[PDB]
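Report on the structure given below.
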Amino acid sequence: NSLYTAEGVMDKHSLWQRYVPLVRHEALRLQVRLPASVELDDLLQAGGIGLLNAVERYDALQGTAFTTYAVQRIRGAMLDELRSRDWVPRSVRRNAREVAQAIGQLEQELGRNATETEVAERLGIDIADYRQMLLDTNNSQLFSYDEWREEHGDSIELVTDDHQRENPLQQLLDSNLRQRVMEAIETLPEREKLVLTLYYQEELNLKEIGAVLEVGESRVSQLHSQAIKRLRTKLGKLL
Amino acid sequence: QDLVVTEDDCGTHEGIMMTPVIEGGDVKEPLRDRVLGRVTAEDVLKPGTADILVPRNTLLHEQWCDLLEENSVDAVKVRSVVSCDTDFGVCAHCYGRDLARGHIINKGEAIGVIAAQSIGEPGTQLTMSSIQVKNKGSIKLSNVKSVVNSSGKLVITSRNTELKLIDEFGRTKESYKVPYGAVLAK
Amino acid sequence: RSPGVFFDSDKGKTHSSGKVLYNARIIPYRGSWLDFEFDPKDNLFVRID
Amino acid sequence: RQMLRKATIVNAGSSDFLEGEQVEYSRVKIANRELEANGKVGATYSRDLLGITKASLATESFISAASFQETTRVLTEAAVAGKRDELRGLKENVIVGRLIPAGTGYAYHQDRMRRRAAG
Amino acid sequence: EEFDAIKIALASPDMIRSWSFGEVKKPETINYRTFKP
Amino acid sequence: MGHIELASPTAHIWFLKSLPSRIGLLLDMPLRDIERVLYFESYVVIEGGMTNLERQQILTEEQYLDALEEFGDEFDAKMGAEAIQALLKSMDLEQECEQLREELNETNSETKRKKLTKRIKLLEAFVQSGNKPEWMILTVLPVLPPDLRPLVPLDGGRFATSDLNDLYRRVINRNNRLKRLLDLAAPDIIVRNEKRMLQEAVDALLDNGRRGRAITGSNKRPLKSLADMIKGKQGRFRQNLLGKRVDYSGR
Amino acid sequence: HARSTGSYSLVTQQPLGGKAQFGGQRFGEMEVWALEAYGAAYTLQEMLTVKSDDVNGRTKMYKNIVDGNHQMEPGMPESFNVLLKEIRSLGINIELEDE
Amino acid sequence: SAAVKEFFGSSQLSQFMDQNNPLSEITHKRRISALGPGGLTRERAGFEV
Amino acid sequence: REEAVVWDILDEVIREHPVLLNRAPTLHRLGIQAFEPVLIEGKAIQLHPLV
DNA sequence: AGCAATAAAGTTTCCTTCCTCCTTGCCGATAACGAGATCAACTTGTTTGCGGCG
DNA sequence: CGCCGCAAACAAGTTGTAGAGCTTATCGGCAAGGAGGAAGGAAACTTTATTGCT
Ligand SMILES: [Zn+2]
């Protein structure tokens with residue numbers, strides 16, 4: 001690209017070009033981790049763009065190196081894109097790195113493992129703190145179609161369970177009971193049949209009628225109760 | 001997948017001759033079997049000549065195979081499947097009988113289905129000098145060019161020819177082909 | 001199979017030839033394999049892994 | 001007879017000179033064209049043979065071809081060409097799950113076919 | 001439900017437009033905790 | 001179905017890497033040439049303002065410079081999908097059809113006759129289908145519904161997912177980057193890398209280890225594409241569509 | 001193991017397999033080819049629609065049975081349209097000609 | 001520990017024991033293969049072995 | 001609760017109420033047939049020998 | 001029995017409200033180490049097509 | 001023309017048999033915010049129960 005100035009573009013871009021190898025080699029140990037670590041090309045694109053941003057705003061009177069002004073934005077960009085891929089918060093991972101340091105450090109202190117009260121004391125915050133963190137951090141993503149072990153008898157897509165299923169007779173008898181509500185209340189005062197119909201039938205408004213009559217719904221309460229007492233006059237399981 | 005019967009008869013023109021598979025030794029498929037449930041290509045006759053029994057087509061059941069096995073025919077044509085001309089399908093006449101049923105196939109059936117199953121099922125099971133007449137009978141050599149050799153006997157001057165033993169009646173007993181200019185005793 | 005060395009010859013690979021092709025193989029316990037072999041026209045060739 | 005549903009062309013005047021094509025369709029055109037339609041503009045023919053595995057794909061329908069083997073290639077060479085299958089095989093009906101063009105449902109199938117004729 | 005035949009055709013872009021309802025713009029699906037979209 | 005808008009076009013693979021292309025197969029050009037265009041390796045002529053040079057004429061970027069400083073204006077030569085797009089856009093069918101059918105008559109030697117027929121019916125197809133060849137390209141995509149690539153939780157809060165999602169995401173990231181980059185008019189090399197990575201992401205969505213080598217998760221196992229929803233036994237046809245699990249049954 | 005009615009899939013709503021998970025049995029193409037050989041349309045039609053996928057179908061048939069009614073109505077499998085949607089996702093104007 | 005625990009838990013070779021009968025265990029322990037890593041596969045490998 | 005009427009009613013139904021039975025693999029079309037029930041007190045099917 | 005009153009009790013709404021936390025974005029300060037590979041695959045195999053390849 | 005090489009691509013069926021992880025190591029401070037959050041409470045509002053009058 002370019003600027004309004006031209007020699008401040010060609011010097012700009014010559015510098016840009018010259019320390020692409022820096023982008024490389026500093027990246028070239030930020031390897032084995034998450035599979036874009038395998039890619040490395042994302043890294044290069046990112047590095048170039050962060051470079052331009054640093055470049056745009058080099059501060060020269062400070063007398064720092066421009067490589068040293070660069071490294072800041074370089075790293076920050078790299079970390080940004082990794083932070084983009086992960087979808088879990090940050091202080092999470094602070095705590096995770098911290099337990100890692102501490103637990104290794106103190107397992108060296110002791111020379112053996114797994115005496116969690118040591119975690120409690122060393123991280124003198126609370127037990128429930130790390131106890132919850134253990135959930136929060138250490139439990140990660142898995143995939144759906146992986147084979148079920150002793151070659152390909154079935155997958156994980158066979159062995160699945162659900163709770164929100166359909167069931168045919170509950171809606172059936174629900175409608176039976178709806179018409180039984182009608183069967184009870186068609187004999188009863190003009191409004192209450194209607195309030196309970198149009199509230200329970202087509203899923204409309206209740207006190208919308210309390211505003212229409214303007215009786216305070218004392219009588220509404222009473223008649224609601226009596227209709228209950230009348231539909232404790234039938235027998236139906238699904239209890 | 002595609003194949004069915006479309007039509008009752010296609011009224012189509014002729015097809016193939018069945019003639020027996022006796023070669024090497026004795027019969028290995030009766031001509032009767034190769035008639036059973038065929039349809040004739042044509043009106044067909046008897047060695048006492050001019051005795052028709054199909055008006056171009058019949059169900060060729062064992063009455064007829066017997067009626068023929070009385071006599072000495074050795075070749076008959078059939079409205080083969082291949083000469084059936086029906087566009088997108090076939091006629092039943094060209095097919096004839098459903099074996100498992102035992103009568104003329106009705107219209108409406110699938111075929112190559114049956115073919116594929118019938119052929120695939122067993123196949124699993126299924127990997128698992130001189131010429132010297134034995135018996136008397138007339139000799140029949142066809143499409144020959146040959147010569148009396150200097151000794152006086154016959155030697156073939158066209159690779160076409162092959163020896164037969166025909167019985168005294170006229171049906172073949174045996175058939176064995178003889179090399180070009182091979183030495184004969186007869 | 002062991003590590004070490006191994007000899008063999010395929011028989012009419014380009015079956016137009018119907019010709020033998022001898023070749024040798026090397027298999028370290030750890031590290032890279034290696035293959036020496038001939039061609040239809042009696043010339044040596046090599047390939048790693 | 002299922003191995004043989006194609007023949008290559010000798011002459012021309014109806015279509016391309018030697019383009020591979022149904023024998024049956026050749027018979028149709030000449031059962032239509034070489035008739036009093038015309039003495040001859042249409043063409044004569046060699047006769048072809050084809051092994052089964054590539055005969056099977058080499059078909060009007062793409063679907064049955066697309067079912068089992070090299071479906072993608074089929075799919076392209078059809079979809080480029082604005083092709084369309086007409087629901088006449090078995091598989092064509094079982095996949096959509098309609099009644100078979102045969103057997104018991106033969107009769108309703110011919111009913112639906114005269115409906116295809118009758119609107 | 002009842003239909004006659006199949007036909008394949010090419011996917012013109014405007015058909016993508018007509019089939020669509022809206023444009024997606026970002027990688028995520030959900031929150032990690034609120035098991036929500 | 002949803003959709004996605006792209007910055008720039010890309011092209012389809014089944015139209016290309018498969019047996020006979022139908023893309024360059026049309027043009028009368030090889031495979032490798034068009035790869036090295038769309039791998040962004042070498043320029044090629046669009047349309048010589050000077051007929052000094054030729055259409056379809058490949059330009060390594062270095063000898064490109066010779067012509068570049070020699071004329072500058074009077075040629076058009078690019079590298080990528082837009083270029084091929086405009087080629088595909090430009091050419092007429094009709095004339096090529098007539099001329100092929102004409103000069104067919106001259107020397108209908110075998111392989112020549114074959115190739116002529118080949119093209120001619122390609123052409124005829126493009127006509128009579130009503131299609132437009134332009135639509136080989138891809139500048140806009142569909143989205144499929146979640147229920148076909150879902151994400152659901154487990155007993156202990158854990159999850160399970162469909163890999164497709166992952167592949168959508170990379171695409172999106174790259175494209176958004178490219179926009180951000182384009183807003184700055186940045187030096188072009190970055191753009192080049194950006195789009196090669198783009199199209200690589202694209203076809204890897206479609207069919208992973210066909211052109212370039214396949215993407216995996218941490219396990220060292222592929223991120224399963226679309227195609228294998230449809231293929232082998234595992235595909236819908238032979239698993240799930242023809243042979244069927246059944247109720248009111250037993251053993 | 002036996003099974004009348006129970007759980008299903010979710011992606012495609014058809015039944016499962018395994019006595020542990022109250023499994024339905026499988027019906028292969030081989031069994032189709034046989035049925036074709038006899039030529040019984042309504043049978044295989046049914047087991048492909050109602051006892052496998054067509055949900056409206058399974059529902060209303062169960063309704064009719066308990067009502068004493070031994071009759072049928074068909075629909076279309078969902079898995080078909082799933083295939084359609086995969087196709088169009090692959091960048092294609094797959095579609096259908098209405099009658 | 002990750003390497004140790006995995007192939008004591010992740011390898012094909014590491015298997016439940018077959019607790020049905022004495023023979024089951026002793027013999028299943030004397031059981032030999034050419035499979036897994038550094039070995040072979042069903043479909044590729046043929047008759048010769 | 002499995003009352004005696006339950007079994008009586010089953011007997012009412014299943015007469016003339018035929019079924020389909022299947023061995024695997026289906027080579028030819030007789031690999032399946034169409035039989036008529038008879039109830040028996042076990043967990044295991046009896047079958048006419050010849051088939 | 002039908003109808004209301006007073007009093008009491010529990011509310012849902014619901015709305016603010018100010019504590020507290022939590023999350024989205026940015027920019028920074030010494031100087032220089034190296035162009036990856038990294039832990040894999042074992043070569044099925046016969047048939048068929050097409051690009052070269054003469 | 002007739003190699004030659006290369007590359008693609010199918011590889012029985014249906015039961016069951018149990019369970020899944022991770023080489024990982026991935027600023028760091030500030031701000032400003034905007035959501036949320038809880039508090040304890042006010043307050044429509046609603047709901048109960050106990051005595052009055054047709
Ligand atoms: Zn016929």
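Identifiers in this document derive from the order of the structure tokens: chains are assigned A, B, ..., residues are numbered from 1 separately in each chain, and ligands are numbered from 1 in order of occurrence.
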Long-range neighbours of residue G:32 as a VMD selection string, 12 Å cut-off, only C-alpha atoms (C1' of nucleotides), 3 positions minimum in chain: (chain B and resid 1 113 117) or (chain D and resid 90 to 91 94 100) or (chain F and resid 242 to 244) or (chain G and resid 26 to 29 35 to 41 43 to 45 47 to 48) or (chain I and resid 25 to 29 31 to 32)
Writing out the chosen residues with C-alpha atoms as an mmCIF file, in the first residue's frame:
```
data_model
loop_
_atom_site.group_PDB
_atom_site.id
_atom_site.type_symbol
_atom_site.label_atom_id
_atom_site.label_comp_id
_atom_site.auth_asym_id
_atom_site.auth_seq_id
_atom_site.Cartn_x
_atom_site.Cartn_y
_atom_site.Cartn_z
ATOM 1 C CA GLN B 1 -33.965 -52.973 -11.538
ATOM 2 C CA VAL B 113 -34.852 -59.550 -10.277
ATOM 3 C CA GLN B 117 -31.301 -63.843 -7.216
ATOM 4 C CA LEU D 90 -38.386 -49.388 -8.870
ATOM 5 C CA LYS D 91 -35.691 -47.614 -6.854
ATOM 6 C CA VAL D 94 -38.928 -46.754 -3.290
ATOM 7 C CA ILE D 100 -44.047 -49.854 -7.432
ATOM 8 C CA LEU F 242 -32.919 -48.095 1.581
ATOM 9 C CA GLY F 243 -32.175 -50.411 4.505
ATOM 10 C CA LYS F 244 -34.267 -49.460 7.456
ATOM 11 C CA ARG G 26 -33.415 -53.697 10.450
ATOM 12 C CA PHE G 27 -34.897 -54.433 7.031
ATOM 13 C CA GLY G 28 -32.321 -54.647 4.266
ATOM 14 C CA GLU G 29 -32.341 -54.294 0.510
ATOM 15 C CA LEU G 35 -40.486 -58.655 -1.842
ATOM 16 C CA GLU G 36 -40.148 -57.166 -5.297
ATOM 17 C CA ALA G 37 -39.889 -60.700 -6.561
ATOM 18 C CA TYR G 38 -43.332 -61.451 -5.249
ATOM 19 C CA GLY G 39 -44.473 -57.910 -6.064
ATOM 20 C CA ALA G 40 -46.334 -56.701 -2.956
ATOM 21 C CA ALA G 41 -46.534 -52.932 -3.153
ATOM 22 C CA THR G 43 -46.393 -53.972 2.232
ATOM 23 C CA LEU G 44 -43.015 -52.440 1.654
ATOM 24 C CA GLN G 45 -44.726 -49.096 1.129
ATOM 25 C CA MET G 47 -42.858 -50.445 6.363
ATOM 26 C CA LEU G 48 -40.897 -47.739 4.577
ATOM 27 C CA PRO I 25 -29.056 -63.224 4.739
ATOM 28 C CA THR I 26 -31.702 -63.025 2.061
ATOM 29 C CA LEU I 27 -30.358 -64.810 -0.988
ATOM 30 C CA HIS I 28 -33.524 -65.814 -2.834
ATOM 31 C CA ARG I 29 -37.082 -64.806 -2.226
ATOM 32 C CA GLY I 31 -35.489 -66.629 2.602
ATOM 33 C CA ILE I 32 -38.636 -65.162 4.169
#
```
All alpha helix (DSSP H) residues (DSSP, backbone) inside stretch 5-44 of chain G, as a PyMOL selection string: chain G and resi 29-38+41-44
With N, CA and C atoms retained, export the selected residues as an mmCIF file, in the first residue's frame.
```cif
data_model
loop_
_atom_site.group_PDB
_atom_site.id
_atom_site.type_symbol
_atom_site.label_atom_id
_atom_site.label_comp_id
_atom_site.auth_asym_id
_atom_site.auth_seq_id
_atom_site.Cartn_x
_atom_site.Cartn_y
_atom_site.Cartn_z
ATOM 1 N N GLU G 29 -32.042 -54.249 1.933
ATOM 2 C CA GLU G 29 -32.341 -54.294 0.510
ATOM 3 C C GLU G 29 -32.538 -55.710 0.005
ATOM 4 N N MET G 30 -31.837 -56.663 0.593
ATOM 5 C CA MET G 30 -31.999 -58.038 0.165
ATOM 6 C C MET G 30 -33.445 -58.454 0.329
ATOM 7 N N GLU G 31 -33.996 -58.093 1.473
ATOM 8 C CA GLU G 31 -35.373 -58.364 1.796
ATOM 9 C C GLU G 31 -36.293 -57.589 0.890
ATOM 10 N N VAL G 32 -35.814 -56.475 0.363
ATOM 11 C CA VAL G 32 -36.608 -55.743 -0.597
ATOM 12 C C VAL G 32 -36.716 -56.535 -1.868
ATOM 13 N N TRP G 33 -35.563 -56.903 -2.397
ATOM 14 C CA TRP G 33 -35.468 -57.606 -3.657
ATOM 15 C C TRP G 33 -36.360 -58.822 -3.666
ATOM 16 N N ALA G 34 -36.400 -59.524 -2.549
ATOM 17 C CA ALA G 34 -37.329 -60.635 -2.430
ATOM 18 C C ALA G 34 -38.770 -60.172 -2.581
ATOM 19 N N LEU G 35 -39.117 -59.127 -1.856
ATOM 20 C CA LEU G 35 -40.486 -58.655 -1.842
ATOM 21 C C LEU G 35 -40.897 -58.197 -3.228
ATOM 22 N N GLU G 36 -39.980 -57.521 -3.901
ATOM 23 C CA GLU G 36 -40.148 -57.166 -5.297
ATOM 24 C C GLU G 36 -40.432 -58.394 -6.120
ATOM 25 N N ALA G 37 -39.737 -59.477 -5.802
ATOM 26 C CA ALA G 37 -39.889 -60.700 -6.561
ATOM 27 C C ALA G 37 -41.315 -61.187 -6.506
ATOM 28 N N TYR G 38 -41.914 -61.137 -5.328
ATOM 29 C CA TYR G 38 -43.332 -61.451 -5.249
ATOM 30 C C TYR G 38 -44.164 -60.315 -5.832
ATOM 31 N N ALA G 41 -46.817 -54.358 -3.245
ATOM 32 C CA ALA G 41 -46.534 -52.932 -3.153
ATOM 33 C C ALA G 41 -46.856 -52.370 -1.780
ATOM 34 N N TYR G 42 -48.055 -52.648 -1.303
ATOM 35 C CA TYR G 42 -48.531 -51.948 -0.131
ATOM 36 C C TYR G 42 -47.687 -52.286 1.074
ATOM 37 N N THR G 43 -47.179 -53.510 1.109
ATOM 38 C CA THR G 43 -46.393 -53.972 2.232
ATOM 39 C C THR G 43 -45.188 -53.082 2.464
ATOM 40 N N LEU G 44 -44.259 -53.163 1.533
ATOM 41 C CA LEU G 44 -43.015 -52.440 1.654
ATOM 42 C C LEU G 44 -43.273 -50.951 1.723
#
```
Polymer residues at most 12 Å from residue J:25, only C-alpha atoms (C1' of nucleotides), same-chain spacing of 3 or more positions, as an MDAnalysis selection string: (chainID A and resid 80) or (chainID K and resid 30:33)
At most 12 Å to chain I: residues in chain F, only C-alpha atoms, as a ChimeraX atom specification: /F:248-251
Nearby residues (only C-alpha atoms (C1' of nucleotides)) at most 9 Å from residue K:26, same-chain spacing under 3 positions excluded, as a PyMOL selection string: chain A and resi 30+33-34+79+82-83
Skip residue K:36 itself and residues of its chain fewer than 3 positions away, then list as a PDB file with C-alpha atoms (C1' of nucleotides), in the first residue's frame all residues within 10 Å of it, counting only C-alpha atoms (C1' of nucleotides).
```pdb
ATOM      1  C1'  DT J  20     -20.586  -5.140  43.160  1.00  0.00           C
ATOM      2  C1'  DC J  21     -18.805  -7.803  39.355  1.00  0.00           C
ATOM      3  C1'  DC J  22     -18.070  -8.794  35.010  1.00  0.00           C
TER       4       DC J  22
END
```
Shell of 10 Å around ligand 1 (only C-alpha atoms (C1' of nucleotides) and all ligand atoms), written as a ChimeraX atom specification: /B:5-13,79-87,89-96
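Between atom CA of residue G:46 and atom CA of residue D:104 the interatomic distance comes to 13.8 Å.
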Write out as a short mmCIF file (atom, residue, chain, number, x, y, z; two decimals) with N, CA and C atoms, in the first residue's frame every residue belonging to chain H that has an atom at most 12 Å from any atom of chain C, counting only C-alpha atoms.
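The resulting selection_35.cif:
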```cif
data_model
loop_
_atom_site.label_atom_id
_atom_site.label_comp_id
_atom_site.auth_asym_id
_atom_site.auth_seq_id
_atom_site.Cartn_x
_atom_site.Cartn_y
_atom_site.Cartn_z
N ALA H 34 -0.46 -60.03 15.19
CA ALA H 34 0.38 -59.25 14.31
C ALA H 34 -0.25 -57.90 13.99
N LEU H 35 -1.18 -57.45 14.83
CA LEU H 35 -2.00 -56.28 14.57
C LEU H 35 -1.55 -55.11 15.44
N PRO H 37 -0.14 -51.24 16.09
CA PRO H 37 0.98 -50.53 15.47
C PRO H 37 2.11 -51.48 15.09
N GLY H 38 2.85 -51.08 14.06
CA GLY H 38 3.93 -51.90 13.54
C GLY H 38 3.47 -53.24 13.04
N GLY H 39 2.21 -53.34 12.61
CA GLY H 39 1.63 -54.59 12.18
C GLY H 39 0.76 -54.40 10.96
N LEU H 40 -0.37 -55.09 10.92
CA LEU H 40 -1.09 -55.31 9.68
C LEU H 40 -2.58 -55.05 9.85
#
```
Given a cut-off of 12 Å, which residues of chain A touch chain H, counting only C-alpha atoms, written out as a PDB file with N, CA, C and O atoms, in the first residue's frame?
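As written to disk, part_17.pdb reads:
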```pdb
ATOM      1  N   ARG A 149     -15.215 -48.216  19.318  1.00  0.00           N
ATOM      2  CA  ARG A 149     -14.210 -48.948  20.096  1.00  0.00           C
ATOM      3  C   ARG A 149     -14.245 -50.486  20.074  1.00  0.00           C
ATOM      4  O   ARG A 149     -15.139 -51.090  20.672  1.00  0.00           O
ATOM      5  N   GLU A 150     -13.291 -51.117  19.351  1.00  0.00           N
ATOM      6  CA  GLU A 150     -13.270 -52.520  18.899  1.00  0.00           C
ATOM      7  C   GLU A 150     -14.018 -52.595  17.570  1.00  0.00           C
ATOM      8  O   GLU A 150     -15.232 -52.803  17.473  1.00  0.00           O
ATOM      9  N   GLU A 151     -13.220 -52.374  16.524  1.00  0.00           N
ATOM     10  CA  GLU A 151     -13.432 -51.465  15.402  1.00  0.00           C
ATOM     11  C   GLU A 151     -14.871 -51.325  14.930  1.00  0.00           C
ATOM     12  O   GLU A 151     -15.538 -52.308  14.595  1.00  0.00           O
TER      13      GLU A 151
END
```
Selection near residue C:19, 12 Å with only C-alpha atoms (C1' of nucleotides), sequence-local residues under 2 positions removed, as a PyMOL selection string: chain C and resi 9-17+21-22+38-42
Contact residues around residue C:28 with only C-alpha atoms (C1' of nucleotides) at 6 Å, ignoring same-chain residues under 2 positions, as a ChimeraX atom specification: /C:3-4,30-31
Preceding selection exported with N, CA, C and O atoms as a short mmCIF file (atom, residue, chain, number, x, y, z; two decimals), in the first residue's frame:
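Just written: out-v5.cif:
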```
data_model
loop_
_atom_site.label_atom_id
_atom_site.label_comp_id
_atom_site.auth_asym_id
_atom_site.auth_seq_id
_atom_site.Cartn_x
_atom_site.Cartn_y
_atom_site.Cartn_z
N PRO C 3 13.64 -55.38 12.11
CA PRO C 3 14.30 -54.33 11.34
C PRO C 3 15.39 -54.99 10.50
O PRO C 3 15.60 -56.20 10.56
N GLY C 4 16.07 -54.17 9.71
CA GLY C 4 17.23 -54.58 8.97
C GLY C 4 17.05 -54.41 7.48
O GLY C 4 16.78 -53.32 6.98
N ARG C 30 14.21 -47.68 14.32
CA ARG C 30 13.70 -46.33 14.39
C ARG C 30 14.39 -45.50 13.33
O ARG C 30 15.61 -45.57 13.18
N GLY C 31 13.61 -44.73 12.59
CA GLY C 31 14.11 -43.86 11.55
C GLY C 31 13.55 -44.23 10.19
O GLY C 31 12.58 -44.99 10.07
#
```
Between atom CA of residue A:211 and atom CA of residue A:182 - distance in Å to one decimal: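 Going from atom CA of residue A:182 over to atom CA of residue A:211 covers 23.0 Å.
Take atom CA of residue H:33 and atom CA of residue C:33: the distance between them is 23.5 Å.
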Please, which residues in chain D fall within 9 Å of chain E when counting only C-alpha atoms, and what is the closest atom pair and distance in Å to one decimal for each, ordered by chain then residue number, as a Markdown table?
```
| residue | atom | partner | partner_atom | distance |
| --- | --- | --- | --- | --- |
| D:78 | CA | E:8 | CA | 7.7 |
| D:79 | CA | E:8 | CA | 5.5 |
| D:80 | CA | E:10 | CA | 7.1 |
| D:81 | CA | E:9 | CA | 7.9 |
| D:82 | CA | E:9 | CA | 5.3 |
| D:83 | CA | E:8 | CA | 6.1 |
| D:84 | CA | E:7 | CA | 4.6 |
| D:85 | CA | E:6 | CA | 6.0 |
| D:86 | CA | E:5 | CA | 5.6 |
| D:87 | CA | E:5 | CA | 6.7 |
| D:116 | CA | E:4 | CA | 8.7 |
```
Using N, CA, C and O atoms, can you write the selected residues to a file as a PDB file, in the first residue's frame?
```pdb
ATOM      1  N   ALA D  78     -24.971 -34.777 -15.042  1.00  0.00           N
ATOM      2  CA  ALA D  78     -26.388 -34.507 -15.178  1.00  0.00           C
ATOM      3  C   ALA D  78     -26.691 -33.046 -14.925  1.00  0.00           C
ATOM      4  O   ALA D  78     -27.318 -32.375 -15.748  1.00  0.00           O
ATOM      5  N   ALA D  79     -26.249 -32.543 -13.782  1.00  0.00           N
ATOM      6  CA  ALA D  79     -26.749 -31.276 -13.285  1.00  0.00           C
ATOM      7  C   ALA D  79     -26.311 -30.128 -14.159  1.00  0.00           C
ATOM      8  O   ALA D  79     -27.008 -29.115 -14.261  1.00  0.00           O
ATOM      9  N   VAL D  80     -25.164 -30.280 -14.801  1.00  0.00           N
ATOM     10  CA  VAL D  80     -24.785 -29.377 -15.875  1.00  0.00           C
ATOM     11  C   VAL D  80     -25.872 -29.326 -16.930  1.00  0.00           C
ATOM     12  O   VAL D  80     -26.139 -28.276 -17.524  1.00  0.00           O
ATOM     13  N   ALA D  81     -26.525 -30.455 -17.169  1.00  0.00           N
ATOM     14  CA  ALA D  81     -27.275 -30.679 -18.388  1.00  0.00           C
ATOM     15  C   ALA D  81     -28.773 -30.504 -18.209  1.00  0.00           C
ATOM     16  O   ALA D  81     -29.532 -30.761 -19.147  1.00  0.00           O
ATOM     17  N   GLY D  82     -29.207 -30.020 -17.052  1.00  0.00           N
ATOM     18  CA  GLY D  82     -30.619 -29.888 -16.766  1.00  0.00           C
ATOM     19  C   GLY D  82     -31.412 -31.138 -17.049  1.00  0.00           C
ATOM     20  O   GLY D  82     -32.380 -31.119 -17.811  1.00  0.00           O
ATOM     21  N   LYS D  83     -31.000 -32.235 -16.441  1.00  0.00           N
ATOM     22  CA  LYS D  83     -31.624 -33.519 -16.677  1.00  0.00           C
ATOM     23  C   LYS D  83     -32.804 -33.714 -15.753  1.00  0.00           C
ATOM     24  O   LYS D  83     -33.050 -32.929 -14.839  1.00  0.00           O
ATOM     25  N   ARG D  84     -33.554 -34.772 -16.019  1.00  0.00           N
ATOM     26  CA  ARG D  84     -34.740 -35.045 -15.233  1.00  0.00           C
ATOM     27  C   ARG D  84     -35.192 -36.480 -15.445  1.00  0.00           C
ATOM     28  O   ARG D  84     -35.419 -36.911 -16.578  1.00  0.00           O
ATOM     29  N   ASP D  85     -35.300 -37.205 -14.341  1.00  0.00           N
ATOM     30  CA  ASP D  85     -35.744 -38.586 -14.294  1.00  0.00           C
ATOM     31  C   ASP D  85     -37.246 -38.623 -14.037  1.00  0.00           C
ATOM     32  O   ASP D  85     -37.811 -37.704 -13.439  1.00  0.00           O
ATOM     33  N   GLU D  86     -37.887 -39.705 -14.483  1.00  0.00           N
ATOM     34  CA  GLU D  86     -39.331 -39.732 -14.681  1.00  0.00           C
ATOM     35  C   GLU D  86     -40.020 -40.809 -13.861  1.00  0.00           C
ATOM     36  O   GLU D  86     -41.189 -41.108 -14.111  1.00  0.00           O
ATOM     37  N   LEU D  87     -39.343 -41.371 -12.868  1.00  0.00           N
ATOM     38  CA  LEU D  87     -39.997 -42.181 -11.853  1.00  0.00           C
ATOM     39  C   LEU D  87     -40.644 -43.402 -12.476  1.00  0.00           C
ATOM     40  O   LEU D  87     -41.869 -43.555 -12.442  1.00  0.00           O
ATOM     41  N   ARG D 116     -51.171 -39.179 -16.035  1.00  0.00           N
ATOM     42  CA  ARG D 116     -50.101 -38.474 -16.723  1.00  0.00           C
ATOM     43  C   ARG D 116     -50.501 -38.182 -18.162  1.00  0.00           C
ATOM     44  O   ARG D 116     -50.197 -37.111 -18.698  1.00  0.00           O
TER      45      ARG D 116
END
```
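Selected on chain G by distance to chain A: residues 5, 6, 7, 8, 9, 10, 11, 12, 13, 14, 15, 16, 17, 18, 20, 21, 22, 23, 55, 56, 58, 59, 60, 62 and 63 of chain G (within 12 Å, counting only C-alpha atoms).
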With the cut-off set at 9 Å and counting only C-alpha atoms (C1' of nucleotides), tabulate each residue of chain J with an atom at most that distance from an atom of chain H, showing the nearest atom pair and its distance in Å to one decimal, ordered by chain and increasing number, as CSV.
```
residue,atom,partner,partner_atom,distance
J:42,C1',H:40,CA,9.0
J:44,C1',H:44,CA,4.6
J:45,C1',H:44,CA,8.9
```
Each chain A residue no farther than 8 Å from chain J, nearest pair in Å, only C-alpha atoms (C1' of nucleotides), as JSON lines:
```
{"residue": "A:21", "atom": "CA", "partner": "J:35", "partner_atom": "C1'", "distance": 8.0}
{"residue": "A:24", "atom": "CA", "partner": "J:35", "partner_atom": "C1'", "distance": 7.3}
{"residue": "A:25", "atom": "CA", "partner": "J:34", "partner_atom": "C1'", "distance": 5.3}
{"residue": "A:28", "atom": "CA", "partner": "J:34", "partner_atom": "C1'", "distance": 7.5}
{"residue": "A:64", "atom": "CA", "partner": "J:29", "partner_atom": "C1'", "distance": 7.1}
{"residue": "A:68", "atom": "CA", "partner": "J:29", "partner_atom": "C1'", "distance": 7.3}
{"residue": "A:69", "atom": "CA", "partner": "J:29", "partner_atom": "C1'", "distance": 7.3}
{"residue": "A:72", "atom": "CA", "partner": "J:28", "partner_atom": "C1'", "distance": 6.5}
```
